[PDB]
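S.K.: Pasting an experimental structure, sequence included:
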Amino acid sequence: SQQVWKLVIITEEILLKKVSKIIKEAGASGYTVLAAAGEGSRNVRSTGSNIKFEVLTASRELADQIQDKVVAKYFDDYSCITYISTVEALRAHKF
Amino acid sequence: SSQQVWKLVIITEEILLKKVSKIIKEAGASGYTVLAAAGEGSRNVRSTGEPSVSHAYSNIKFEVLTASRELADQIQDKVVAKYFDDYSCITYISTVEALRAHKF
Amino acid sequence: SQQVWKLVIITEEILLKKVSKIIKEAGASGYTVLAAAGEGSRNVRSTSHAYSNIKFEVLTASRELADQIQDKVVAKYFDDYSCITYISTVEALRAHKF
Ligand SMILES: Nc1ncnc2c1ncn2[C@@H]1O[C@H](COP(=O)(O)OP(=O)(O)OP(=O)(O)O)[C@@H](O)[C@H]1O
Ligand SMILES: Nc1ncnc2c1ncn2[C@@H]1O[C@H](COP(=O)(O)OP(=O)(O)OP(=O)(O)O)[C@@H](O)[C@H]1O
Ligand SMILES: Nc1ncnc2c1ncn2[C@@H]1O[C@H](COP(=O)(O)OP(=O)(O)OP(=O)(O)O)[C@@H](O)[C@H]1O
Ligand SMILES: [Cl-]
């Protein structure tokens, strides 16, 4: 196993392509996205359901870079939460 | 910058969607996230019968972030007290690092 | 009230029954599966934003057991199918045993 960072982004379904774009252009080796629903307290939803991304990265800087861009671009105008933890991933994959 | 917060996960029957949701909101959590799920478990208490269909999406997974470990286990306590014996559910708690942005 | 381990397996949806059996045939109390989509870098997919993946979560009382399931899944399918796995620790009530 190899210790890596795990960035989670939960945001509006309409931002699927844009956030996928950010992740890939930052140089992450991939991402996973799950369909979700939710409620939050900011009440900023651009449309008046959600997606949850998980991005594993070996470097904390890359996780921070992706988090920073997503938050800077979409936090004010779109339902969006992010958080980071660490996990131990398989060594047979690049992160 | 950042904030160490608690993440409560509840995995239970889909039929408890609104009841568990209201537990979360009434206890004062800033929000929650819920995903449809399938699964198998060993307690064998699914309210609709066993042996159940293993790959039907009959479950839901909640994630609740809170800054207070007291609020997390207040939610978990209640959920377990009301539904654990009667419904196929399961819970666990971790910590994650969030930005001091959201009031959790 | 007790530390347990969480094994996550993200793989092709077509492996749902095969991987579920490995988790079961191994000895894990249960497992949770969620529909998923994604992209990776190996480009081994046997068949982007289509929900063509699945995400397994398996809670185990022991790190050993989590490693065993991970090992069996990777051994059988990693080369031939899109697949990643990771392990973290979480806290669970004693009222459930894993
Ligand atoms: N404390 C929390 N725990 C878990 N998930 C949360 C929490 N707060 C918010 N979320 C998730 O983040 C999403 C967006 O919440 P946010 O507060 O940023 O925007 P919002 O406009 O209030 O969202 P919504 O329109 O869904 O109420 C929610 O739909 C929910 O899925
Ligand atoms: N060890 C585990 N790891 C991950 N998820 C689990 C585990 N055990 C149970 N689950 C999840 O919790 C749900 C409830 O399982 P539980 O054992 O409480 O009830 P059950 O009635 O046996 O469930 P089922 O009818 O699905 O077999 C399961 O369907 C599964 O999604
Ligand atoms: N760095 C990462 N962070 C989060 N999830 C990832 C990461 N890399 C891969 N994944 C997930 O694992 C799955 C398998 O990717 P893998 O690289 O093993 O095969 P792949 O054939 O390149 O995948 P795909 O056909 O989706 O491009 C991906 O679809 C994605 O869901
Ligand atoms: Cl998830």
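M.R.: Structure received. Numbers count the residues shown, from 1 in each chain, chains lettered A, B, ... in the order given. Ligands and ions are numbered 1, 2, ... in the order given.

S.K.: Please make it C-alpha for all contacts and neighbour counts, starting now.
M.R.: OK.

S.K.: Tell me who's in contact with the nearest residue to residue A:93 once chain neighbours are set aside.
M.R.: Leaving out its chain neighbours, the residue that sits closest to residue A:93 by CA to CA, 6 or more residues apart in numbering or on different chains is residue C:84, at 7.3 Å. Residue C:84 sits next to A:89-90, A:93, C:9-11, C:78 when contact means CA atoms under 8 Å, 6 or more residues apart in numbering or on different chains.

S.K.: can you tell me which of these are in helices?
M.R.: Under the assignment DSSP state H, those contribute nothing to helices.

S.K.: Looking at the residues you listed, which are in strands?
M.R.: Per DSSP state E, strands hold the following members of the contacts of residue C:84: A:89, C:9-11.

S.K.: and ligand 3, which of the residues you listed reach it?
M.R.: Restricting those to those adjacent to ligand 3 (criterion: CA under 6 Å from any ligand atom) gives C:10-11.

S.K.: what's the closest of the ones in strands among the contacts of residue C:84 to ligand 2?
M.R.: Within the ones in strands among the contacts of residue C:84, the smallest distance to ligand 2 is 11.3 Å, found for residue C:9 (CA to the nearest ligand atom).

S.K.: dump the residue contacts of that closest one.
M.R.: For residue C:9, the contact set (CA under 8 Å, 6+ apart) comprises C:54-57, C:70, C:83-86.

S.K.: Those: which two are farthest apart?
M.R.: Across those, the longest distance by CA to CA is 15.2 Å; it joins C:54 and C:70.

S.K.: got the contacts of residue C:9 as CSV, with distance to ligand 1 columns?
M.R.: What follows is the contacts of residue C:9, written out as CSV (distance: CA to the nearest ligand atom, whole Å):
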residue, distance to ligand 1
C:54, 20
C:55, 18
C:56, 20
C:57, 18
C:70, 28
C:83, 26
C:84, 25
C:85, 23
C:86, 22
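
S.K.: can you tell me which of the residues you listed are up against ligand 2?
M.R.: residue C:57.

S.K.: Closest one to ligand 3 out of the contacts of residue C:9, please.
M.R.: The nearest member of these to ligand 3, counting by CA to the nearest ligand atom, is residue C:83 at 4.1 Å.

S.K.: shouldn't that closest one be in contact with residue C:10?
M.R.: Yes: between residue C:83 and residue C:10 there is a contact under CA atoms under 8 Å: 5.6 Å.
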